[PDB]
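Structure, as structure tokens:
Reconstructed Cβ throughout: ideal geometry from the backbone, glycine too, with neighbour counts over all protein chains shown. Please treat every number below as a calculation from the coordinates, not as lab data.
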40 protein chains.
Amino acid sequence: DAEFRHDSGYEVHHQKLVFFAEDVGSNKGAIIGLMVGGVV
Amino acid sequence: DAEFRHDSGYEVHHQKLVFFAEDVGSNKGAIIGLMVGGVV
Amino acid sequence: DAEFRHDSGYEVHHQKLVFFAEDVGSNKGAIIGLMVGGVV
Amino acid sequence: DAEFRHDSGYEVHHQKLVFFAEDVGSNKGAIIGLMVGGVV
Amino acid sequence: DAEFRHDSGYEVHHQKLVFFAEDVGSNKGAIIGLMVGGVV
Amino acid sequence: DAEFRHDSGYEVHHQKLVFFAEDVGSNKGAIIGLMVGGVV
Amino acid sequence: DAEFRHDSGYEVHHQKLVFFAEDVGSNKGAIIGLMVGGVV
Amino acid sequence: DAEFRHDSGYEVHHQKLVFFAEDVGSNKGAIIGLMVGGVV
Amino acid sequence: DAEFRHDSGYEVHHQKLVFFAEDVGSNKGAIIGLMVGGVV
Amino acid sequence: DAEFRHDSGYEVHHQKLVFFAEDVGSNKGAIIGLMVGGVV
Amino acid sequence: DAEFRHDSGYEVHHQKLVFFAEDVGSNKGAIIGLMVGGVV
Amino acid sequence: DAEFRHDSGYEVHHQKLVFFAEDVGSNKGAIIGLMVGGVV
Amino acid sequence: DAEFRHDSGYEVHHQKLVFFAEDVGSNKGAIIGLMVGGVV
Amino acid sequence: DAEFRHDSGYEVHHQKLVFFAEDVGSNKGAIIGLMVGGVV
Amino acid sequence: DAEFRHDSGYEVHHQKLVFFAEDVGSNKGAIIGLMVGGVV
Amino acid sequence: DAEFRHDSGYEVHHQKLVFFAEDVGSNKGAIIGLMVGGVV
Amino acid sequence: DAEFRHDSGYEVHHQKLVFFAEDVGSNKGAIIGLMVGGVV
Amino acid sequence: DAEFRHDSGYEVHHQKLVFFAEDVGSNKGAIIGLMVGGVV
Amino acid sequence: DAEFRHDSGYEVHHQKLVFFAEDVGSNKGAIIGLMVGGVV
Amino acid sequence: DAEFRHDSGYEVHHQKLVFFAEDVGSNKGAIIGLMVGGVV
Amino acid sequence: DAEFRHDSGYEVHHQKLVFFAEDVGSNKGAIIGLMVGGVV
Amino acid sequence: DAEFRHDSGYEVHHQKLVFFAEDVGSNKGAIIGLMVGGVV
Amino acid sequence: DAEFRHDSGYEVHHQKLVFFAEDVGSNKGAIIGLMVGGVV
Amino acid sequence: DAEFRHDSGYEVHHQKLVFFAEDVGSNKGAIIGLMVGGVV
Amino acid sequence: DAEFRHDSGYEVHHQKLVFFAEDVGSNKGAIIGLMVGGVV
Amino acid sequence: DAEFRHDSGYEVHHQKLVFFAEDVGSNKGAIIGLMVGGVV
Amino acid sequence: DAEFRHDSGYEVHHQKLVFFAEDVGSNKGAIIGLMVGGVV
Amino acid sequence: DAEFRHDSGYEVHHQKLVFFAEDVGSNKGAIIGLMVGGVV
Amino acid sequence: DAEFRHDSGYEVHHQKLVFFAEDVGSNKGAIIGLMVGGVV
Amino acid sequence: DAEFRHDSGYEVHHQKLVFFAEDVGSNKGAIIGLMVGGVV
Amino acid sequence: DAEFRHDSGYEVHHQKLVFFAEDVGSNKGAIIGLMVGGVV
Amino acid sequence: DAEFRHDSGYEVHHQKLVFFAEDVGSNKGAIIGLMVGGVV
Amino acid sequence: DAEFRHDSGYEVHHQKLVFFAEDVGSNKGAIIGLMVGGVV
Amino acid sequence: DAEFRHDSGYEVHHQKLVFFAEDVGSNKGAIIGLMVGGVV
Amino acid sequence: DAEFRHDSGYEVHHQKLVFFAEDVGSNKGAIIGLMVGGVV
Amino acid sequence: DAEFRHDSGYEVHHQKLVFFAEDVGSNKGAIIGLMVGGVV
Amino acid sequence: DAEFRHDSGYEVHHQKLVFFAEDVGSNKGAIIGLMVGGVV
Amino acid sequence: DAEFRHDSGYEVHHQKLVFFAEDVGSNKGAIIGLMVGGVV
Amino acid sequence: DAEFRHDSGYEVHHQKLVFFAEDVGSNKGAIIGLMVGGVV
Amino acid sequence: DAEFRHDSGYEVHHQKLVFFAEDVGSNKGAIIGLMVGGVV
């Protein structure tokens, strides 16, 4: 995207498991079926 | 998006499990079927 | 969106489980079926 | 995207497991089915 | 993309496992089915 | 891409395993099915 | 691409293993099926 | 590419193993199926 | 390519093993199926 | 290529093993299937 | 190619083993299947 | 090639073994299947 | 080729073994299957 | 070739073994299958 | 070739063994299968 | 060839053994299978 | 050939052995299978 | 040949053994299978 | 040949052994299988 | 031959042994199988 | 869908223009945020 | 859906324009926010 | 989809223009955010 | 899909233009963000 | 896909133009972000 | 795919132009970001 | 693929032009970022 | 592939031009970034 | 591949031009970044 | 390949031009960056 | 390859021109960057 | 290769020109950068 | 190769010209940069 | 090679010209840069 | 080679010209840079 | 070689010209740069 | 060689001209640069 | 050589001219630069 | 040599000219630059 | 030599001219530059 992202960690006293999945999905811009510049 | 995101952690005294799934879904912009610039 | 988001953690004394799913769903912008610039 | 990203670590006292999957999905720009510059 | 990225490490007191996967997916630019410069 | 990337390491008190895989997927530029400069 | 990359190491107190795989995938420029300069 | 790259090492107190693989994949330039300068 | 590359070493207190493989893959320039200067 | 390369060593306190394999793969220039200067 | 290369050594306190293999692969110039200067 | 190459040694305190192989592979110039100066 | 090469030695405190094999491979100029100056 | 070469030695405190093999491979000029000055 | 070569020695404190083999391979000029000055 | 060569010695404190084998290989000029001045 | 050669000796403090085998190989000029001044 | 050669000696403090063999090989001029001045 | 040769000696402090073998090999001029001044 | 040759001695301090074998080999002029001044 | 579709044309006495766009929209199956097979 | 669709044309005596956009909208199946198989 | 489609043409007495765009939109199967086989 | 498609043409009395674009859009199978076989 | 396709032509009394683009879009199988066989 | 395709032509009374492009887009099989056989 | 293809021609009364481009796009099999057989 | 292909011609009354390009694109098998047989 | 191909011609009443290019693109087998048989 | 190929001609009433280019592109078999039989 | 090929001609009533270029491209077997039988 | 080839001619009523080139390109077997039997 | 080849001619009513060039290119066997039987 | 070859002629009613050039290119066996039977 | 060859002629009604060139290229056996039977 | 060859003639009704050139090229056996039976 | 050869003539109704040149080229056995029976 | 040869004549109705040249070139046995029975 | 040769004549109805030149070239046995039975 | 030779004549009807030149060339045995039975 036209902007950024961020993340942060820091400590813990025991075991830690982390799973991260960002932005699942097709589109982030524009989807166009058909465009016509001009007819007659 | 034209804006950013953020996250934060910090500590804990025992085991921690974390699962993250951001922005599930197709679109973040525009979907359009068809456009006509001008007819007759 | 044109606005950001945030999250926070902090500690606990025992095991903690977290599951997060943000913005489930297709659209965040505009959906258009058909547009006509002008006829006759 | 026209913007960057970031990440952060820092220490912990025991074992840590991390799994990261950035931007899963087809499109980040524009998809066009068919475009016509002009007809008659 | 038109912008860069970043990452960060730092130490820990015990074993750490890290798995990283950036930008899984087909497109980061523009996909065009067919384009016509002009007809009659 | 038209921009660079970065990474960072630093020490740790015990064993560390790291696996890195950037930019999985076909396209980073433009894919065009067919283009016509002009017809009649 | 039109831009460079970077990496960083630094020390550690015990054994470290690193595996690096950069830019897996076919395309980094332009792929064209067929282009026509002009017809009639 | 049209830009350079970089890497960095530095020391360590115990054994280190490194495996590196840059730019796996077919294309870094342009692939054209068929191009026509002009027809009739 | 139209630009250079770089690498760096430096010392270590114990044994180090390094394996390096740069730019694995067929193409770094242009591939053309067939090209026509002009027809009729 | 149209640009140069570089490498660096420096000392170490114990045994070091290095294996280097640059630019694996067929092409670094242009591959043409068939080209026609002109037809009728 | 149209540009040179470089390498560097320097000392070490214990044994060192080095294996080097530059530019494995067929082509560094141009490969043409068939070219036609002109037909009718 | 149309440019030169270089290498460097320097001392060491214990034994050193070096194996060096330059430009393994068939081509450094141009390979042509067949060329036609002109037909009818 | 149209350019020269270089190498360098310098001393060492213990035994050194060196093996050098430059430019292994068939071609360094031009290979042509068949050429026709002109037909009809 | 159309250019020259070079090498360098210098001293050493213990035994040294060197093996040198320059320009392995058949061709350094031009190989032609068959050439025709002109037909009809 | 159309250019000369060079070599250099200099002293050493202990024994040295040297083996040198230059330009192994058939051709340094031009190889032609068959040439025709002109046909009909 | 159309250019000369060179070599250099200089002293040494202990025994030295040298073996020199220049230009192993058949051809330094031109090899022609069959040449035709003209046919009909 | 059309050019000369050179060599150099100079002293040494202990025994030295030298072996010199210059230009091993059949051809230094031109080899022709068959040449025809002209046919019909 | 069409050019001369050279060699150089100079003294030595201990025994020296030299073996020299110049231009081993059949041809230094032109070898032709057969020639035809003209046919019909 | 059409040019001369040269050699050089000078003194020595201890025993010296020299063996010289110049231009071993059959041909130094031209060898012709058969030649025809003209046929019909 | 068409040119001369040369050699040099000079004083020596201890025993010296020299062996010279100049231009061993069959041909120094021209060898022809058969010549025909003209046929029919 | 688990069912097919259909279309029909037939004639007209003058010019006819038709534009068709089937099934505008993201989904035809199922979109779900998250599932849990079982907890404690 | 589990049902098919249909369309029909037939003729008219003058110009006719038709624009058709079927099933505009995201969902045709089922959308689920979160589902739990069972807790305690 | 698990079912097929169809289309039909037939004749007309004058010019006809037809534009067709089937199934614009991301999904025809299943999209899953995250699934868990079982926890504790 | 698990089913086929179809199309039909047939003749007309004057010029006809047809443009066809089937199945524009990313997905036709299954997209999964992350799946877990089992945890504790 | 697991099924085939079809097309049909047939004649027409005047000029006809046809443009066909089948299955534009990234995916036709399955895309998985990350899958885990089992954890603890 | 696991199934074949088809096409059909047949005649026409005047000129016909046809342009055909099949299966535009990256994937026809399976794309996986990262897979884990099992952890602890 | 695991299945074949087909095409058909047949005659026409006037000129016909055909352009065919099948299966444009990177993948027809499987693409994997990283796979792990098993960890601890 | 694991299956064959086909094509068909047949006659025509006037000139015909055909251009055919099969299977443009990188992959027809499997592309793998990195695989691990097993770790600890 | 593991299967064959085919083609067909047949006659025509006037001139015909044909241009054919099969399987343009890098890969028909397997491309692997790196493989590990086993670690610890 | 592991299967054969085929082609067919047959007659024609007027001139015919044919150009054929099979299997353009680098690879038919297997390309491997680096393989490891086993580590510790 | 492990299989053969074929071709066919047959007659024609007027002039015919044919140009054939089989299997343009580097590889038909296996290309290995570097392989290791085993380490420690 | 491990299999043979074939070709066929047959007659024709007027002039025919044929130009044929098989297997243009470097490799038909195996190319290996470097192989190691075993290390420690 | 490990198999044979074949060709065929047969008659023609007017003039015929044929040009044949089989297996143009460097390698038909195995090319190895460097091989090691075993190290320590 | 380990196999033979073949060719065939047969008659013709008018003039015929044939040119044959088999197996252009350097290698038909094995090329090795350097081989080591064993080290320490 | 380790196998024989063959050729065939037969008659013709008018003039015939034949030019034949077998196996142009340096190597039909083994070319080795350097071999080492064993080191320490 | 380790096998024989063959040729065939037979009659003809008008003039015939034949030119035959077998095995042009340097090597039919083995070429070795330098071989060592054993070192220390 | 270790095998024989053959040739054949037979009659002809008009004039015939034949030119034969067998095995042009330097080597039919083994060429060795330098061999060592054993060192220390 | 270690094997014999053969030739054949037979009659002819009109004039015949034959020119024959066997085994042009230097070597039919073994050529050795320098050989050493043993050193220290 | 170690084997014999052969030839054959037979009659002829008109004039016949024959020219025979066997084994032009220097060597049929062994050529050695210099050989050493043993050193120290 | 160690074997004999042979030739054959037989009757002729008209004038016949024969020219024979057997085994032209320097060597039929062994040529040695210099041989040493033993040193020190």
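Points worth noting:
- Here the calculated FRET efficiency for Z:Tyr10 and D:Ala2, from their Cβ-Cβ distance with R0 = 45 Å, stands at 0.30, rounded to the nearest 0.05.
- Average other protein chain Cβ within 10 Å of Cβ, residues T:2-13: 6
- Residue-wise HN-Hα couplings along region V:13-18, as the Karplus relation 6.51 cos²θ - 1.76 cosθ + 1.60 with θ = phi - 60° gives them from phi, are 8, 9, 4, 9, 10, 9 Hz; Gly and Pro carry x.
- Computed across chain AN, the Kirkwood hydrodynamic radius from all distinct Cα-Cα pairs reaches 15.8 Å.
- Derived scalar couplings between HN and Hα for region Z:24-40 equal 7, x, 5, 9, 10, x, 10, 10, 10, x, 8, 10, 10, x, x, 10, 6 Hz in order, rounded to whole Hz, by the Karplus curve 6.51 cos²θ - 1.76 cosθ + 1.60 (θ = phi - 60°), x for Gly and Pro.
- Comparing I:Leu34, AE:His13, AJ:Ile31 along the charge dipole axis of the protein assembly as shown, the residue lying farthest to the positive side is I:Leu34, per the Cβ-charge model.
- For the rotation carrying G onto AB, the chain G residue whose Cβ lies nearest the axis, with the distance in whole Å, reads G:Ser26, 2.
- Judged by the ratio a/c of the largest to the smallest principal axis of the C-alpha gyration tensor, the protein assembly as shown counts as oblate, that ratio being 1.5 or greater while a/b is no larger than b/c.
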